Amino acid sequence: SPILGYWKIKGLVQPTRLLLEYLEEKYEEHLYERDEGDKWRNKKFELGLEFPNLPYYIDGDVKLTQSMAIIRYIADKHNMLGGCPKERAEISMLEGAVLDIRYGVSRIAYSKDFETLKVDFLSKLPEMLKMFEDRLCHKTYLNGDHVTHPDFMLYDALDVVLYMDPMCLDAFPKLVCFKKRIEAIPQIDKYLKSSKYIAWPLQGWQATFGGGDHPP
């Protein structure tokens, strides 16, 4: 069965875990704890990876790194990437727009001067969320009636910005409805209640925002 290797955090891989649980696919996790940086560095160059990094995904057919290449491969193997160039570009554009939010947090989350950079991010965040509000005006999910990988990426981004500002969705009822819809998927519900779910941290443990061993 496939092996998914990452830090014991949400970070870059949480959307991939959510997709694997939505598809109900068997996989093994190799999790690196806060004190297992040495364990990772001594294995890193001996797994056959062409671009050694975390996370990594190893099945029969593939040895992958790059979080976007991994989530796209799992989608692609399930016929979820889109049927024609236009639909595939729509899905890649949604991907990018979600990363503008999720990388927007990560960019500033490890900085000494985080409190200053937060003011600016929370000023631009409304506009980014409005575009998703409009996309989800009459669509159950970002691509219509059927779930795609950017749904889990957006879920993860909403999870993270709600910690930084618990009122950030008060203006965005369609995003609140979308978020509850994801959570009501029976196999997502079971995952979120399971011993396998990693609630914290959001970033690397060293992060000034969404770090430490426990929520603040």
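Start at 1 with the first residue shown and count on from there. Whichever C-alpha set is largest while still superposing within 1.5 Å between the two forms counts as the rigid core.
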Between stretches 41-49 and 150-158, more displaced by Cα RMS in 9 other deposited structures of this protein (rigid core superposition)
41-49
Select between 121-129 and 106-114 the stretch whose C-alpha atoms have the higher average B-factor in the entry.
106-114
Between 47-55 and 34-42, name whichever shows the higher mean Cα B factor according to the PDB entry.
34-42
Would you mind checking which of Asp145, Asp134, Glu95, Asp76 has the top Cα temperature factor in the PDB entry?
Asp145
Most elevated Cα B-factor in the entry, residues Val62, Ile188, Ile70, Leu158
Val62
Against its chain's modelled residues, does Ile182's Cα B factor rank lowest, middle or highest third?
lowest
Per the entry's values, where does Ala199 land by CA temperature factor relative to the rest of its chain, in the lowest, middle or highest third?
highest
Where does the C-alpha B-factor of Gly211 rank in its chain, lowest, middle or highest third?
middle
The third of the chain into which the C-alpha temperature factor of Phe152 falls is the lowest
